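Student: Take a look at the following structure, please.
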Amino acid sequence: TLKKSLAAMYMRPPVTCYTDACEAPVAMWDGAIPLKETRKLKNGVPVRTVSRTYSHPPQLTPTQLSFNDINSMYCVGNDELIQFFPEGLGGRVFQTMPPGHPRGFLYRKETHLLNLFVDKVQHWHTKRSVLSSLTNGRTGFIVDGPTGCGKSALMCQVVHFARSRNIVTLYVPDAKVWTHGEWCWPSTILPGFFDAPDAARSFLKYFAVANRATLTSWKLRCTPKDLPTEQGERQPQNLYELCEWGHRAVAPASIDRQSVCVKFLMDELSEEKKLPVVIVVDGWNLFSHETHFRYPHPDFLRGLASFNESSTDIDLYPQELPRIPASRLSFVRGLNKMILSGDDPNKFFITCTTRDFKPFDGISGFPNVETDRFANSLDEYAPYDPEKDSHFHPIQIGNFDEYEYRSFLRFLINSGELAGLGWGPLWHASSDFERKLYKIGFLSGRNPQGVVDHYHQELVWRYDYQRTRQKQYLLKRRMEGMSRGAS
Amino acid sequence: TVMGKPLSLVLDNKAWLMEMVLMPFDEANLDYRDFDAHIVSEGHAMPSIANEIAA
Amino acid sequence: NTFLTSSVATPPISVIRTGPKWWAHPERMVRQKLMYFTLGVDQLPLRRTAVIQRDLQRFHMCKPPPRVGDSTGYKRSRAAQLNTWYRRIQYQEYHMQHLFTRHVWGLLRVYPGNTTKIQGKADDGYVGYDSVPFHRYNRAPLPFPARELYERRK
Amino acid sequence: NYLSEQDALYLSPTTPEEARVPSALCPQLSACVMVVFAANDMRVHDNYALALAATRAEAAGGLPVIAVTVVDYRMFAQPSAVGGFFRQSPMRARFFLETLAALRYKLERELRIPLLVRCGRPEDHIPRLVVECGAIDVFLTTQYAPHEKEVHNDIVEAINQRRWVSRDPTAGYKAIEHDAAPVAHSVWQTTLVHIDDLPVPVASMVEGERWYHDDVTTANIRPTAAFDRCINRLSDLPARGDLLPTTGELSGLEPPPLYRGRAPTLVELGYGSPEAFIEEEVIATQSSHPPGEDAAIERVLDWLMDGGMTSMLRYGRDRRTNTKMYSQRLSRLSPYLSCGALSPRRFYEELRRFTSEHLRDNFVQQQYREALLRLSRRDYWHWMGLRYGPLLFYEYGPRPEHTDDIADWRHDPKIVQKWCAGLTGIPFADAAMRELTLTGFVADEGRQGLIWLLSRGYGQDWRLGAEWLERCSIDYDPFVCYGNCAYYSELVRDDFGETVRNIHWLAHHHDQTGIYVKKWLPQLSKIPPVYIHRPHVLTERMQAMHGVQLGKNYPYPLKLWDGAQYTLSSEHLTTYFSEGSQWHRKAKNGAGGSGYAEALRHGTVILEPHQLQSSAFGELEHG
Amino acid sequence: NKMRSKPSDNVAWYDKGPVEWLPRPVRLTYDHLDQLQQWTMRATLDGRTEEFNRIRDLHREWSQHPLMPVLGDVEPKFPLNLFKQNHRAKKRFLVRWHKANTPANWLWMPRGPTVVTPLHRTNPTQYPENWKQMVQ
Amino acid sequence: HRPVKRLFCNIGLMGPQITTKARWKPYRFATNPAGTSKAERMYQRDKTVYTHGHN
Amino acid sequence: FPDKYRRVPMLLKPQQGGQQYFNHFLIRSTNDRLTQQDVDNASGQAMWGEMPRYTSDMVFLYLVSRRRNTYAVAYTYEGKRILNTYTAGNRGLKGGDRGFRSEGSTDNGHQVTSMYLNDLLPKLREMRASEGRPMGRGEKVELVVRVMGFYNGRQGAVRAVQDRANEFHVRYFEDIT
Amino acid sequence: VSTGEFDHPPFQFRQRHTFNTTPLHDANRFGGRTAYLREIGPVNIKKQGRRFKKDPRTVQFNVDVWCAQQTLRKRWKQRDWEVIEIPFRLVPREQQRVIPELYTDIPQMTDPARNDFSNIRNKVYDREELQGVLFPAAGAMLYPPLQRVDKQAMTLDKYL
RNA sequence: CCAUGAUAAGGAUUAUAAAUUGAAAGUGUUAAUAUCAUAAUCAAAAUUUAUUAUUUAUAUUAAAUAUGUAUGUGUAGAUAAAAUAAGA
Ligand SMILES: Cc1cc2c(cc1C)N(C[C@H](O)[C@H](O)[C@H](O)COP(=O)(O)OP(=O)(O)OC[C@H]1O[C@@H](n3cnc4c(N)ncnc43)[C@H](O)[C@@H]1O)c1[nH]c(=O)[nH]c(=O)c1N2
Ligand SMILES: Nc1ncnc2c1ncn2[C@@H]1O[C@H](COP(=O)(O)OP(=O)(O)OP(=O)(O)O)[C@@H](O)[C@H]1O
Ligand SMILES: [Mg+2]
């Protein structure tokens with residue numbers, strides 16, 4: 001009767017933001033998230049009211065984040081997420097935030113360090129000496145670690161920090177779409193260079209809508225005034241106008257405009273010396289090495305009359321030409337130009353390395369299409385050493401420790417139950433949090449991707465007898481209690 | 001570690017197979033992260049031993 | 001999807017009777033849970049059938065209790081009631097799985113197998129590149145460019 | 001529009017070269033002997049017209065044989081007289097077209113006889129083709145039914161008078177232009193006992209089934225070997241290979257030559273919105289009807305071999321008992337006998353041979369006599385329909401003297417809709433209607449139950465039920481169907497015959513266990529046999545135990561019990577044809593499914609609309 | 001050996017429920033899961049919540065707890081005949097019964113506006129996308 | 001189909017996607033003539049010619 | 001017939017998990033018992049005779065069950081036939097699909113009697129209204145049941161007449177040999 | 001280890017496409033290589049049918065060779081190096097030794113006295129240091145010197 | 001032309017509770033067939049001759065000559081098989 005009274009008398013707290021709004025009805029998380037009566041002095045009299053024992057982590061802006069928030073969970077509003085991430089998130093970052101679930105992030109030591117670094121970059125001319133000391137003379141940092149770490153999530157956090165401080169930021173959430181893209185096309189104005197039209201058009205559109213506030217104030221310094229323009233369309237005087245011109249076009253004319261817009265945008269950024277620019281590429285190891293595209297067969301570049309007598313084998317035997325290096329891409333060329341060339345103290349590359357390659361451990365049969373978690377994984381099988389393959393300072397990121405793992409798992413389980421994505425009414429079917437924390441830690445090894453996977457895989461646990469034993473014990477207790485009452 | 005590879009990789013990160021290996025450390029009321037264990041395969045070697053009987 | 005050939009249909013009772021081999025296969029159940037979670041909806045029927053399958057598989061080895069001690073008047077009827085209730089819950093989960101698979105196919109522009117219905121854009125069973133020139137169950141002749149269900153771009 | 005374009009293509013004053021039968025090369029082959037096929041006969045084994053044409057060609061010399069079949073376009077897409085039902089529903093139309101294709105294959109590949117298929121008016125197409133081909137003798141069977149007897153008379157008159165037809169207006173012309181005095185031979189081959197052999201005249205025939213059975217006891221049946229010999233010798237006659245289809249045409253790579261003809265389809269005939277004509281129910285029966293003549297012969301042989309003779313009478317009984325409508329041992333030969341693919345003489349010869357072979361058994365003679373009795377009953381219904389003439393299709397039956405107790409035929413569109421959709425409360429009637437709507441065939445007891453329930457049980461007009469059975473049943477014989485409907489609607493009340501039994505009596509008699517109802521409506525499987533045939537009697541507890549919730553599934557009966565207006569409300573009495581019903585949500589535009597005024601709602605080609613039809617459509621729109 | 005044009009029991013019904021009854025088997029892969037994740041990310045970034053609302057409505061309609069069957073309510077079983085093994089008859093009976101038992105005619109599932117579902121939000125306005133509309 | 005696939009592999013502008021992501025028509029469906037528009041075309045080819053499905 | 005899992009050990013059929021929780025449960029039980037003792041101590045410190053007399057409005061119903069048949073008939077007090085006899089053969093149940101053994105069974109008698117009563121009620125109302133005797137809005141007709149035969153259909157017939165007790169009220173239940 | 005399949009499924013009665021069952025030669029298996037073994041359509045064994053597509057041994061060898069090709073390509077994709085013959089005088093001390101042939105000795109180790117125990121046959125040397133030996137005549141500035149990060153430097157990662 | 005042996009089909013029942021990881025498949029007969037120990041006029045190279053458990057729709061003939069005809073909504077009747085590392 002007491003629990004029924006608590007559920008009936010529970011009153012939902014006032015909604016303050018998206019994080020407070022996402023909350024399932026009381027009957028969903030009644031058992032998963034218990035309730036207790038607390039005395040609150042609403043009018044100086046401690047009226048006893050029913051309140052939850054758990055709440056979603058606070059939604060704290062990057063400025064509000066401080067040293068005391070390290071190894072703790074915070075949330076970002078849905079509108080703030082939309083405004084600051086038009087391109088998207090990392091390859092596997094968004095898996096933990098469905099529409100009902102709150103968007104939450106863990107504030108780690110590296111996250112705090114990069115947040116301070118972005119704060120110093122905000123006014124880079126005054127803090128130039130300390131920034132150079134932090135990067136040891138390199139043009140930014142590169143995050144490296146094993147598969148499953150918080151690498152992509154850290155890059156998303158850095159983008160959030162840069163966007164919240166009104167800094168021009170290039171974001172490539174998935175570098176696979178450039179190197180291992182759908183198709184490749186030679187550059188129209190750059191001889192000997194290629195590009196991926198699909199990724200480039202998306203990059204132009206999303207960069208425009210992200211920094212529209214700043215790119216409109218940006219003025220064109222190295223850009224011709226005779227750009228090809230259709231009737232009724234205004235000439236671009238701002239960088240945002242240039243980006244809109246490049247991406248908003250009817251096919252196939254958008255291909256050539258995009259190939260031109262990327263070249264001119266790179267020139268405009270390269271000719272900037274007073275504004276801090278942050279460039280975040282998730283998976284820079286793909287740009288370091290060659291792309292999966294191969295050079296066209298030369299017989300496609302001369303024309304044939306008949307296949308019989310033409311000294312050609314294009315139609316008879318497929319052959320592998322040397323793969324096109326990423327350094328010949330237009331986007332990559334501009335990045336490499338800004339890196340290798342000096343006198344660029346305002347551009348900082350906060351990049352990362354992806355290790356999402358397909359597994360290969362000596363023998364490789366044919367993976368089952370029905371069950372294969374690596375359907376979209378890269379077919380690289382290539383070792384990568386950031387020290388020898390990047391000009392940036394390498395930062396090594398390992399798996400979660402005990403504190404971060406506990407905070408991450410507590411957020412996942414309890415926020416999911418509160419949002420209506422957990423056991424809910426079947427809370428008693430699974431063990432308590434301590435058993436979950438212990439068991440999942442063994443299953444995953446405190447690898448953040450493993451933690452998420454085993455959090456989902458908890459549904460099929462078979463050998464967890466904690467709840468079954470408790471049910472028998474409590475039933476035995478109540479049977480004895482009833483017998484004592486009768487006697 | 002099983003045959004020089006982590007248990008998660010040997011069982012292909014399957015919770016319903018790794019929980020069987022975890023069970024003795026729960027029934028004995030011990031801690032899994034207090035002992036180093038290695039498994040040596042001496043029967044018929046197969047590319048994948050991710051199954052209930054092998055577990 | 002990648003499977004586009006002709007398919008036969010089986011009663012839901014058969015798939016439910018199939019225990020921890022196809023219906024209760026933990027990997028398949030985890031995939032269904034991921035499908036529900038990425039759509040941001042609760043997995044209550046999936047968890048119900050999961051706990052039912054766990055309880056059934058844990059004690060499938062044990063011999064049944066003596067039926068002579070059990071009262072055929074009441075105990076057998078109670079057991080039948082519980083079995084039917086579990087079977088109905090599993091039926092609901094099976095139906096939900098099929099419905100959400102069709103919905104996700106329609107959203108993701110995934111062409112299903114032959115004679116498979118996707119509500120909203122097929123409504124009569126999409127068939128393409130089949131052994132029979134005519135559409136099964138409809139007798140409608142089929143073109144060679146079978147059917148463009150979705151828009152071209154992307 | 002398809003009929004108009006067919007008329008403008010073929011029935012044109014000039015008859016363009018594309019729609020012209022090629023002339024023969026040899027001067028002898030210029031003339032030929034033509035045969036007309038129809039829905040009454042699509043066989044090549046016992047066709048009297050075919051045998052007579054073969055004999056005529058043999059007597060004349062090397063005269064070729066030509067076959068023509070013109071489909072009656074009106075019968076496939078025109079609405080019914082009462083209630084606007086379809087005529088030749090798509091289920092029947094597909095079977096008809098498949099049988100026509102089988103006949104064409106039989107004639108062109110086995111007998112090497114080119115068959116020319118035409119679409120439109122038979123009375124227009126046939127004489128014009130006679131004139132163009134220069135046929136000397138046109139052999140055809142005698143149709144004696146309305147819309148068939150009149151067209152046959154017009155055809156023979158136009159053949160005698162050598163009349164050309166142009167169809168911009170209804171205009172006829174002499175044979176002076178054709179840009180030999182032909183004779184038409186009309187032969188009687190429909191009845192098992194050929195006319196002019198009856199022991200008593202039709203005019204002075206006493207109206208009685210048992211009297212006709214006693215007459216057929218003395219009457220003889222013509223053999224089939226005499227006509228088979230002529231059919232076999234037909235092959236020796238020279239044939240015009242230019243009219244035969246080619247390998248590409250057989251493979252379907254190119255359409256048939258325009259002078260030959262193109263088999264029409266459902267859309268070409270006029271069937272619109274096929275999605276509304278797809279019945280999504282469980283087909284409990286496990287036997288089908290493969291259209292054709294060889295298939296019909298194989299079905300006859302298999303039914304004889306597998307012990308199907310017990311379907312007539314159970315072994316060692318000598319008295320008719322309740323039938324097993326759920327069985328697969330029944331001879332489903334009524335479609336093949338009504339469409340003419342299987343000849344009654346051939347079926348009788350098969351029965352006689354089987355009985356003679358198994359005569360060592362002491363009961364096969366009784367079963368043979370029962371089968372002959374059923375065939376003679378079909379012939380008797382034919383004779384009674386001929387006697388009644390046009391009066392058979394009028395209100396209150398042909399004989400108003402027997403209709404003293406009949407009411408004034410109250411007609412309700414929604415009641416007719418529920419009856420034709422099977423949404424009644426009687427499990428036997430529902431199962432019979434489901435079987436008829438799905439398979440296109442149901443047993444004699446099911447037909448009796450349905451017709452009696454619609455006519456006398458509910459008070460609705462009997463013509464509505466007769467036309468619905470015409471629309472559904474693939475074995476629709478006009479005379480047999482309408483005569484049985486009149487007899488079992490208590491319109492024709494001839495004594496010394498089968499009694500008209502209640503639907504409840506039929507359910508208790510032929511389906512006492514309820515296998516048939518529990519098989520065709522498997523949602524009622526849990527109801528005990530004591531409570532089947534009356535599931536509305538169950539209380540709430542009993543219906544929850546047996547898993548049959550009235551109103552949700554298997555609604556309440558059309559005929560509520562005494563009271564039932566104070567203890568029931570709209571929550572229990574669920575509607576099935578309101579504005580927000582599934583029936584409206586069909587046809588991909590929204591008009592309805594299958595039922596009242598379905599031809600008006602779905603059909604594309606409608607000719608001569610009626611005031612009653614328009615008023616019914618307006619009432620349906622308002623409601 | 002014999003060729004039959006009989007419509008087998010494997011005929012699908014494309015007018016009873018969003019999913020055809022006796023549905024064809026479906027193979028849901030991790031490639032499909034990844035594509036769904038990408039699509040959901042793009043949709044939520046664009047701000048179109050109509051598809052999510054429709055999905056939530058479908059889940060609310062078809063994801064309710066079945067009711068407790070009264071004693072005596074059980075699926076029909078096939079009788080034990082002495083005519084050997086009527087495997088085909090058993091299969092036909094089972095398929096026919098399950099085809100008749102369409103999801104629309106599932107009486108144990110509480111479906112419709114009349115029933116109350118105290119576990120899910122009734123309308124899209126209650127969902128957190130309308131957090132600005134529920135303030136102070 | 002064979003030379004088309006080989007040309008797509010040789011050009012390399014699409015990459016290794018031809019056999020991993022690209023989908024192709026079946027054998028007897030992709031051996032149809034240029035303009036068919038009907039799935040009932042492979043059954044309408046010449047049968048007297050013994051050519052193992054090559055018209 | 002043989003055991004399917006004979007090769008599995010008894011300790012494995014089934015295996016008891018959660019052995020580590022038993023000690024904790026025992027200690028918790030000891031603590032709970034101790035605090036229960038503590039609170040208990042705290043509370044302690046703190047023509048004539050038995051022959052029926054008929055009425056002119058009561059209808060005599062006769063139910064005659066046979067070895068392979070059953071009959072239900074009714075008569076008014078004057079001695080007129082309200083409705084003709086309803087038999088199993090008349091209803092069609094005797095025809096077949098169940099065998100001669102099922103003839104005159106409990107369910108058969110029940111359904112025959114139910115059909116006869118349902119057809120009797122409007123006929124009875126018409127008969128009453130013929131002589132200007134309305135039945136009234138609430139139909140409660142008194143009938144005397146007379147059962148004969150000693151067969152299986154007798155139980156079905158008496159169950160059927162017990163049914164619809166709102167319309168039919170049994171006044172005397174007599175048996176005739 | 002590996003997770004995919006290496007053995008062809010066995011020959012049984014015809015597998016119908018349903019739940020937990022796939023046709024034996026469906027296009028999904030082995031990527032798409034069941035096309036070689038697929039005998040399309042219903043086959044009358046009396047006359048129609050190739051023997052090798054039904055022989056369980058030949059199809060097994062075909063599956064084995066396909067898996068071997070897959071293993072070879074996946075192994076060769078790991079190669080980010082080439083083998084160059086050096087005149088034995090310019091190699092470092094860790095290479096100036098008697099290196100045994102493959103499969104003729106226990107796996108050797110590079111200078112175990114230098115706390116290095118890695119396999120000697122899997123050592124890969126970058127060109128940033130070998131340009132002097134590889135291209136003596138070229139000289140000039142080819143492959144500019146590889147910058148090596150200073151470990152003992154107070155950068156951001158050192159919590160400066 | 002040796003009539004005599006095997007085989008096919010094929011079943012039986014004690015193991016309480018604790019411990020232990022343990023302590024757990026057995027065939028008559030009736031049948032058909034056949035190449036053996038038993039009774040002389042004729043099968044094994046020139047094979048058409050009809051002898052149960054087969055590959056069904058992204059890619060399909062290279063090493064001893066190695067299968068061109070049955071797509072039809074997978075739709076009958078009969079027949080066989082198992083409680084065996086599986087999950088009635
Ligand atoms: C309301 C209504 C409507 C119709 C009919 C009856 C009733 C009551 N009938 C007659 C009867 O329904 C039908 O002939 C048989 O039920 C067909 O089933 P079987 O082929 O299994 O009969 P069965 O196996 O006995 O076949 C023997 C043949 O005898 C003939 N026959 C059998 N019973 C007959 C009967 N009662 N009357 C006439 N001929 C009979 C048929 O030619 C039948 O093919 C009919 N029949 C028909 O051929 N076409 C129709 O359109 C109709 N319509
Ligand atoms: N700080 C964090 N806060 C919240 N979630 C995190 C954090 N770090 C990691 N995750 C979670 O880890 C999962 C995957 O991490 P992430 O995308 O960073 O992997 P990765 O190391 O880049 O992998 P890969 O090698 O595949 O590129 C996601 O579910 C993401 O939410
Ligand atoms: Mg990543």
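Scheme for the structure tokens: letters A, B, ... for chains in order shown; per-chain residue numbers from 1; ligand numbers from 1 in order shown.
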When you look at stretch 68-79 of chain I with a cut-off of 8 Å (counting only C-alpha atoms (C1' of nucleotides)), what residues show up, excluding the ones that are within fewer than 6 positions of it in the same chain? I need them as an MDAnalysis selection string.
Tutor: (chainID C and resid 131:132 136:137) or (chainID D and resid 286:287) or (chainID E and resid 4:11) or (chainID F and resid 50 52) or (chainID H and resid 41:44 47:48)
Student: Could the residues in this selection be written to a file with N, CA, C and O atoms, as a CSV table (one decimal), in the first residue's frame?
Tutor:
chain,number,residue,atom,x,y,z
C,131,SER,N,11.2,-16.3,-60.4
C,131,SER,CA,11.3,-17.4,-61.3
C,131,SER,C,10.0,-17.4,-62.2
C,131,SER,O,10.1,-17.9,-63.3
C,132,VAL,N,8.9,-16.9,-61.7
C,132,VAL,CA,7.6,-16.8,-62.5
C,132,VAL,C,7.5,-15.5,-63.1
C,132,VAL,O,7.7,-14.5,-62.3
C,136,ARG,N,2.9,-13.6,-58.1
C,136,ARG,CA,2.2,-14.6,-57.4
C,136,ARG,C,1.1,-14.0,-56.5
C,136,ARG,O,1.2,-12.9,-56.0
C,137,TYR,N,-0.1,-14.7,-56.4
C,137,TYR,CA,-1.2,-14.3,-55.6
C,137,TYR,C,-2.0,-13.1,-56.2
C,137,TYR,O,-3.0,-12.7,-55.7
D,286,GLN,N,-9.1,-28.8,-50.6
D,286,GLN,CA,-7.8,-29.1,-51.0
D,286,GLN,C,-7.8,-29.7,-52.5
D,286,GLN,O,-6.9,-30.3,-52.9
D,287,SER,N,-8.9,-29.4,-53.2
D,287,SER,CA,-9.0,-29.8,-54.6
D,287,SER,C,-9.3,-28.6,-55.5
D,287,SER,O,-10.1,-27.7,-55.1
E,4,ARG,N,-0.8,-28.9,-60.4
E,4,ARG,CA,-2.1,-28.4,-59.9
E,4,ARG,C,-2.0,-26.8,-59.9
E,4,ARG,O,-1.0,-26.3,-59.4
E,5,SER,N,-3.0,-26.2,-60.3
E,5,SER,CA,-3.2,-24.7,-60.3
E,5,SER,C,-3.9,-24.3,-59.0
E,5,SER,O,-4.4,-23.1,-59.0
E,6,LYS,N,-3.9,-25.1,-58.0
E,6,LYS,CA,-4.6,-24.8,-56.7
E,6,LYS,C,-3.8,-23.7,-56.0
E,6,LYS,O,-2.6,-23.9,-55.8
E,7,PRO,N,-4.5,-22.6,-55.6
E,7,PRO,CA,-3.8,-21.7,-54.7
E,7,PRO,C,-3.4,-22.3,-53.4
E,7,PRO,O,-4.3,-22.7,-52.6
E,8,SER,N,-2.1,-22.4,-53.1
E,8,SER,CA,-1.7,-23.1,-51.9
E,8,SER,C,-2.0,-22.2,-50.7
E,8,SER,O,-2.4,-21.0,-50.8
E,9,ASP,N,-1.8,-22.8,-49.5
E,9,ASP,CA,-2.0,-22.0,-48.2
E,9,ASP,C,-1.0,-20.9,-48.1
E,9,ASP,O,-1.2,-20.0,-47.2
E,10,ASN,N,0.1,-20.9,-48.9
E,10,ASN,CA,1.1,-19.8,-48.8
E,10,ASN,C,0.7,-18.5,-49.4
E,10,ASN,O,1.5,-17.6,-49.6
E,11,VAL,N,-0.6,-18.3,-49.8
E,11,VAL,CA,-1.1,-17.1,-50.3
E,11,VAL,C,-1.1,-16.0,-49.2
E,11,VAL,O,-1.6,-16.3,-48.1
F,50,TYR,N,20.2,-25.0,-79.6
F,50,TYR,CA,20.9,-25.6,-78.4
F,50,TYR,C,22.1,-24.7,-78.1
F,50,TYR,O,23.2,-24.9,-78.7
F,52,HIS,N,22.7,-23.3,-74.7
F,52,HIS,CA,22.9,-23.1,-73.2
F,52,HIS,C,22.5,-21.7,-72.7
F,52,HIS,O,23.2,-21.1,-71.9
H,41,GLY,N,17.0,-23.8,-61.2
H,41,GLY,CA,15.7,-24.3,-61.6
H,41,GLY,C,15.5,-25.8,-61.1
H,41,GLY,O,16.5,-26.4,-60.7
H,42,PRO,N,14.3,-26.3,-61.1
H,42,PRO,CA,14.1,-27.7,-60.8
H,42,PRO,C,14.7,-28.6,-61.9
H,42,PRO,O,14.6,-28.4,-63.1
H,43,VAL,N,15.4,-29.6,-61.4
H,43,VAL,CA,16.3,-30.4,-62.2
H,43,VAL,C,15.7,-31.9,-62.2
H,43,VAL,O,15.5,-32.4,-61.1
H,44,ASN,N,15.5,-32.5,-63.4
H,44,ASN,CA,15.2,-33.9,-63.5
H,44,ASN,C,16.5,-34.6,-63.5
H,44,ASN,O,17.3,-34.5,-64.5
H,47,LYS,N,18.1,-36.9,-66.8
H,47,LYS,CA,18.9,-36.3,-67.9
H,47,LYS,C,19.6,-35.0,-67.5
H,47,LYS,O,20.8,-34.8,-67.8
H,48,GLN,N,18.9,-34.0,-66.9
H,48,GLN,CA,19.4,-32.7,-66.6
H,48,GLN,C,20.3,-32.8,-65.4
H,48,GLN,O,20.1,-33.6,-64.5
Student: Residues of chain A within 8 Å of chain H, using only C-alpha atoms, as a list in words?
Tutor: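 That gives the following set of residues: residues 110, 113, 133, 134, 135, 136, 360, 361, 362, 363, 364, 365, 366, 367, 368, 369, 380, 381, 382, 383, 387, 388, 391, 393 and 395 of chain A.
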Student: With C-alpha atoms retained, write the just-selected residues as a PDB file, in the first residue's frame.
Tutor:
ATOM      1  CA  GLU A 110      41.519  14.726 -22.010  1.00  0.00           C
ATOM      2  CA  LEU A 113      42.432  19.493 -21.354  1.00  0.00           C
ATOM      3  CA  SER A 133      54.375  25.091 -25.513  1.00  0.00           C
ATOM      4  CA  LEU A 134      51.358  22.784 -25.203  1.00  0.00           C
ATOM      5  CA  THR A 135      51.699  21.506 -28.779  1.00  0.00           C
ATOM      6  CA  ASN A 136      55.538  21.428 -28.715  1.00  0.00           C
ATOM      7  CA  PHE A 360      41.791 -10.518 -39.787  1.00  0.00           C
ATOM      8  CA  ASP A 361      43.671 -12.946 -37.530  1.00  0.00           C
ATOM      9  CA  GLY A 362      45.561 -15.273 -39.853  1.00  0.00           C
ATOM     10  CA  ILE A 363      42.619 -16.850 -41.669  1.00  0.00           C
ATOM     11  CA  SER A 364      39.604 -15.113 -43.197  1.00  0.00           C
ATOM     12  CA  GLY A 365      36.702 -17.157 -44.538  1.00  0.00           C
ATOM     13  CA  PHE A 366      33.489 -15.696 -45.890  1.00  0.00           C
ATOM     14  CA  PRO A 367      31.616 -13.668 -43.244  1.00  0.00           C
ATOM     15  CA  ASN A 368      27.965 -14.541 -42.733  1.00  0.00           C
ATOM     16  CA  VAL A 369      25.834 -11.767 -44.228  1.00  0.00           C
ATOM     17  CA  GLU A 380      42.352  -1.714 -44.623  1.00  0.00           C
ATOM     18  CA  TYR A 381      44.264  -4.306 -42.546  1.00  0.00           C
ATOM     19  CA  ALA A 382      47.052  -1.732 -42.392  1.00  0.00           C
ATOM     20  CA  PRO A 383      49.200  -0.782 -39.383  1.00  0.00           C
ATOM     21  CA  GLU A 387      54.262   9.461 -34.608  1.00  0.00           C
ATOM     22  CA  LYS A 388      55.661   8.471 -38.014  1.00  0.00           C
ATOM     23  CA  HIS A 391      52.895  16.061 -38.206  1.00  0.00           C
ATOM     24  CA  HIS A 393      51.503  15.817 -31.474  1.00  0.00           C
ATOM     25  CA  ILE A 395      47.880  11.915 -27.618  1.00  0.00           C
TER      26      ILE A 395
END
Student: Excluding same-chain residues fewer than 4 positions from residue E:93, what lies within 12 Å of it counting only C-alpha atoms (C1' of nucleotides), as a ChimeraX atom specification?
Tutor: /C:11 /D:282-286,515,518-523,525 /E:9,75-79,86-89,97-100
Student: Which neighbours of stretch 30-40 of chain B fall inside 6 Å, counting only C-alpha atoms (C1' of nucleotides), when residues of the same chain fewer than 5 positions from it are skipped, and could you give them as a short mmCIF file (atom, residue, chain, number, x, y, z; two decimals) with N, CA, C and O atoms, in the first residue's frame?
Tutor:
data_model
loop_
_atom_site.label_atom_id
_atom_site.label_comp_id
_atom_site.auth_asym_id
_atom_site.auth_seq_id
_atom_site.Cartn_x
_atom_site.Cartn_y
_atom_site.Cartn_z
N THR B 1 42.69 -15.31 -20.97
CA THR B 1 43.17 -15.37 -22.34
C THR B 1 43.09 -16.81 -22.83
O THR B 1 43.51 -17.73 -22.12
N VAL B 2 42.54 -17.00 -24.02
CA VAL B 2 42.35 -18.33 -24.59
C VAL B 2 43.24 -18.45 -25.82
O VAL B 2 43.07 -17.71 -26.79
N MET B 3 44.18 -19.40 -25.78
CA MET B 3 45.09 -19.67 -26.89
C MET B 3 45.80 -18.40 -27.35
O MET B 3 45.93 -18.13 -28.54
N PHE B 25 33.83 -17.81 -10.83
CA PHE B 25 34.29 -16.73 -9.96
C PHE B 25 33.15 -16.07 -9.20
O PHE B 25 33.42 -15.31 -8.26
#
